[PDB]
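Accompanying notes for the structure given below.
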Amino acid sequence: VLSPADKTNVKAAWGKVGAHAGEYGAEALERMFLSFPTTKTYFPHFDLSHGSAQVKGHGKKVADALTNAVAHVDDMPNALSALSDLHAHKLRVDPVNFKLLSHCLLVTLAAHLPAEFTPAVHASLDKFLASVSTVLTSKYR
Amino acid sequence: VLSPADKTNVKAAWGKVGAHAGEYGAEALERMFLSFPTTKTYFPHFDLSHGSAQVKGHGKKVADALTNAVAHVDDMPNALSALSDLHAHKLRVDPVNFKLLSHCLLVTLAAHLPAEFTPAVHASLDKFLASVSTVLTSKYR
Amino acid sequence: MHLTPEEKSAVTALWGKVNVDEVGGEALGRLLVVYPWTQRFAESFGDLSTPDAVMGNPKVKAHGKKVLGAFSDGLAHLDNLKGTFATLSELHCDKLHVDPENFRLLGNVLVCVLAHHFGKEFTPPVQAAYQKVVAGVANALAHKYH
Amino acid sequence: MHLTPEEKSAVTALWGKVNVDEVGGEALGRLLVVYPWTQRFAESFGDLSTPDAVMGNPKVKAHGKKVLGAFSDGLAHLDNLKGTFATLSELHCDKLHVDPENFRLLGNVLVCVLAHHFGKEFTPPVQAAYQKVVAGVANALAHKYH
Ligand code: HEM
Ligand code: HEM
Ligand code: HEM
Ligand code: HEM
């Protein structure tokens, strides 16, 4: 459960991301593909090569949904219904994978928002990605 | 979320446990100690020898709690609040261990209720244990 | 794969009593029912809409038998699982694109299946041997992922 | 390790630029803050009531340096982490009762700290090699648990 401090921390951090979220989305995927190659099983149809437009595009898509989640941090379940659906009934990604992308997302923010990636902000973003993960896998069964 | 179906399944299967819950609780622990030895780090103070009274004593406590969550299937967060607090604040069991116990509980039930341990019931009992685990871990951070 | 001799004899004694045709069907069926997300690999199997539709599907039964078939062979080469499973690991990765976590879910379901079938005979210590085994097989099946 | 000479060199070269003192204190403190439950082993350290109280606690900082110290020396035996952490693995099991899962939490925290510190320098390929080392270290440390 996201505390008010957490919600603040997150909105702040994401606030700084700004026009780069798409690039950070893309970078997080690339880091996930290389560090946890088992995650690639879900993208057989993609060109997973560095700088692929498929990866870039997908990076944006993910980034955008996170934004929308920060924006509706108070009503995630509702803001992400559709996405929760897609993942549970179409994509069917195994839940273990959400933790892997979440981690690559922290790493990416850390590497790009040094000043902002304080210990308290790290804790908050983590909880946040965790909550987002829970929402996305809530209708799995 | 548990469906009506799930609820019926759990009350039914747990119904059958009856008076053996205590012993099945103890057995699930032993199975856990044997298959996932890392879980032992939380019971340095226990006699983990076969037929340990501490283990017997502990299995009963765990079974009583599960029995209590079944009795309050529509209000588990509240029925288990206290236990959720204990685990988050005192015991501080890493979350991954809940899945290990859940697993050993399912093996135990499987081993004792062949007629009831049907595919449908198995699925229901699995979602149930996952939900209990989620409650018990809800106040961790 | 730290199977003590006594753990190995235990695995082997019990495996003696298994009807792989049957266990295979149950394990796979139950996987598709407990973790419905795993159904992503079987859209060509037909109707998996309910437990009965899954457990009884001739396609699921036949596939289960195949899978446990390969697993049984693995049990005769406990010393060289990676070797035993290498072409299969490559296939699952490169052709089937099966997330290896699937191999661990199946191992847990299989353990529940053995518990279901052998009752009291599936003692705490026998379970611990089988736990090491399904983990070894899952690891062997994932060794060639890249 | 299943490190590529290239992967070995990347690890090795970044490490050369690391201040173990600072990185050790930050990794351990972040751990205590992100995953509050890991504080169960550091009651004797004092006030860990806040991020600030953790990050400032010298007992934490000094424990952090001891840990990265041992980690650091392990990078010199990357081809036998098992043998390098054998005694430490027994200690952790038999004396400290530390659940090996903590080793994995730390590892991930470590990677976040390195990224934090090195920004640009900590590229996807470099993170990949580091992920293999942290996993490797955690496995070695957990190896003697029974
Ligand atoms: C942080 C949690 C995640 C978020 C917010 C997220 C968000 C999204 C979004 C916005 C889409 C695009 C929907 C569309 O095409 O309209 C998508 C699709 C997809 N996601 Fe998720 N995702 C997450 C986690 C994951 C993970 C961990 C994986 C696998 C490792 C994954 C696998 C996929 C795949 C395979 C697609 C479809 C790709 C395509 O065919 O274009 N997702 N996700
Ligand atoms: C759904 C799963 C679980 C349930 C229902 C449960 C329930 C309980 C209960 C009822 C107690 C006794 C509290 C009292 O003293 O009144 C307890 C204590 C304890 N539990 Fe949990 N627990 C669960 C999971 C776990 C796991 C997975 C672990 C670690 C592997 C764990 C470790 C402990 C420890 C160390 C104690 C204290 C025992 C003592 O010192 O006597 N618990 N739990
Ligand atoms: C003990 C672990 C497993 C073993 C030993 C195993 C073995 C096999 C074998 C022998 C085949 C046929 C090879 C061929 O077509 O040339 C196969 C195919 C297949 N396996 Fe696995 N399998 C395992 C686990 C799984 C799991 C858990 C899944 C999915 C959740 C899976 C998905 C598939 C699929 C989709 C096919 C292809 C079926 C078809 O359309 O013909 N396998 N497996
Ligand atoms: C990178 C992985 C780790 C390494 C290399 C490591 C190494 C060490 C070393 C070298 C010591 C010194 C103790 C002695 O020689 O007597 C130590 C002690 C200790 N470690 Fe670990 N450690 C690791 C992870 C952890 C984690 C994640 C925790 C808990 C969060 C932990 C808890 C402790 C505790 C409680 C002590 C005892 C300190 C004291 O006596 O006050 N360790 N560790």
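Here, each number is a calculation from the coordinates, and none is a lab measurement. Every residue, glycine among them, receives a Cβ derived from its backbone with ideal geometry; neighbour counts consider all protein chains shown.
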Segment A:1-40: GluC sites (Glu not before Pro) in DSSP loop, at most 15 other beta carbons within 10 Å = none
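May I ask you to compute the full-extension gain from C:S49 to C:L91, defined as 0.36 nm times their residue separation minus their alpha-carbon distance, rounded to one decimal in nm? Write down the numbers at each step before the final one.
Details: separation 42, 0.36 × 42 = 15.12 nm, distance 2.78 nm.
Gain on stretching C:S49 to C:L91: 12.3 nm.
Given the DSSP H assignment, sum -39500 (n - 2.57) over each helix run of at least 4 residues in the protein assembly as shown and divide by its residue total; what's the result at 222 nm in deg cm²/dmol, nearest 500?
Numbers: 29 runs with 380 residues, N = 574.
For the protein assembly as shown, the value works out to -21000 deg cm²/dmol.
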Highest mean first, what order results for D:42-55, D:108-121 on Cβ atoms within 10 Å?
-> D:108-121, D:42-55
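Please label the shape of chain A as rounded, prolate or oblate, based on the square roots a ≥ b ≥ c of the eigenvalues of the alpha-carbon gyration tensor (a/c under 1.5 means rounded; beyond that, a/b larger than b/c means prolate, else oblate). Numbers along the way, then the final one.
Details: a/c = 1.74, a/b = 1.17, b/c = 1.49.
Taking the square roots of the gyration eigenvalues as a ≥ b ≥ c, chain A is oblate.
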In the A-onto-B rotation, chain A's nearest residue to the axis by C-beta, with distance in whole Å, turns out to be A:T134, 4
Apply the Karplus parameterisation 6.51 cos²θ - 1.76 cosθ + 1.60, with θ equal to phi minus 60°, to every residue of segment C:110-124 and state each ³J(HN,Hα) to the nearest whole Hz, in sequence, with x for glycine and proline.
-> 4, 4, 5, 5, 5, 5, 3, 6, 8, x, 3, 6, 8, 5, x
Here the correct list, in nm and shortest first, of distances from C:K82 to the same site in the other copies, label points 7 Å along Cα→Cβ, is 1.0
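Rounded, prolate or oblate for the protein assembly as shown? Axes are the square roots of the Cα gyration tensor eigenvalues, ordered a ≥ b ≥ c, and the cut-off for rounded is a/c under 1.5. The partial results should precede the final answer.
Details: a/c = 1.37, a/b = 1.30, b/c = 1.05.
Taking the square roots of the gyration eigenvalues as a ≥ b ≥ c, the protein assembly as shown is rounded.
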At A:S52, with labels set 7 Å past Cα in the Cβ direction, how many nm apart are the copies from this one, shortest first?
-> 5.1
Residue-count net charge about C:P125 - beta-carbon cut-off 11 Å; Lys, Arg +1, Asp, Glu -1 = -2
Take the alpha carbon atoms of segment B:65-119, find their center, do the same for segment A:93-141, and report the distance between the two centers in whole angstrom.
-> 27 Å
Among segment C:59-103, those whose backbone N falls under 14 Å of a label point 7 Å along Cα→Cβ from D:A135 are C:100-101
Closest-to-axis residue of chain C (Cβ criterion, axis taking C to D), whole Å | C:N139, 6
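May I ask for the net charge around C:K59, where only other residues with Cβ less than 13 Å from the Cβ of C:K59 are counted and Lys, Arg are +1 while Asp, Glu are -1? Kindly include the intermediate steps, with their values, before the conclusion.
Working: positive: C:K61, C:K65, C:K66; negative: C:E43, C:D47.
Within the 13 Å Cβ shell, the charges total +1.
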Kindly give the distances from C:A70 to its copy-mates, label point to label point, with each label point 7 Å from Cα along Cα→Cβ, as nm values to one decimal ordered shortest first.
-> 4.1
With a/c under 1.5 counting as rounded, go ahead and sort chain D into rounded, prolate or oblate using the C-alpha gyration tensor (a ≥ b ≥ c being the square roots of the eigenvalues; past the cut-off, prolate if a/b is larger than b/c, else oblate).
-> oblate
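For A:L91, B:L83, A:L136, what ranking results if the residue with the fewest other Cβ atoms within 10 Å of its Cβ goes first? Mind showing how you got there, number by number?
Details: A:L91 13, B:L83 18, A:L136 23.
Least crowded to most crowded, the residues run A:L91, B:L83, A:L136.
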For segment C:18-31, in order, what is each residue's ³J(HN,Hα) by Karplus, 6.51 cos²θ - 1.76 cosθ + 1.60 with θ = phi - 60°, in whole Hz (x at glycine and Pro)?
-> 7, 9, 3, 4, 5, 4, x, x, 5, 4, 5, x, 4, 4
If each part is reduced to its alpha-carbon centroid, segment C:126-141 and segment B:7-51 end up apart, in Å, by 21 Å
For segment D:1-69 and segment D:77-125, compute the distance between their C-alpha centroids and round to whole Å.
-> 9 Å
Which links in B:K60/D:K95; A:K60/D:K132; A:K99/C:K61; A:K11/A:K90; B:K90/D:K95; C:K8/D:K144 stretch past 22 Å when you go from one Cα to the other?
-> B:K60/D:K95; A:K60/D:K132; A:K99/C:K61; A:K11/A:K90
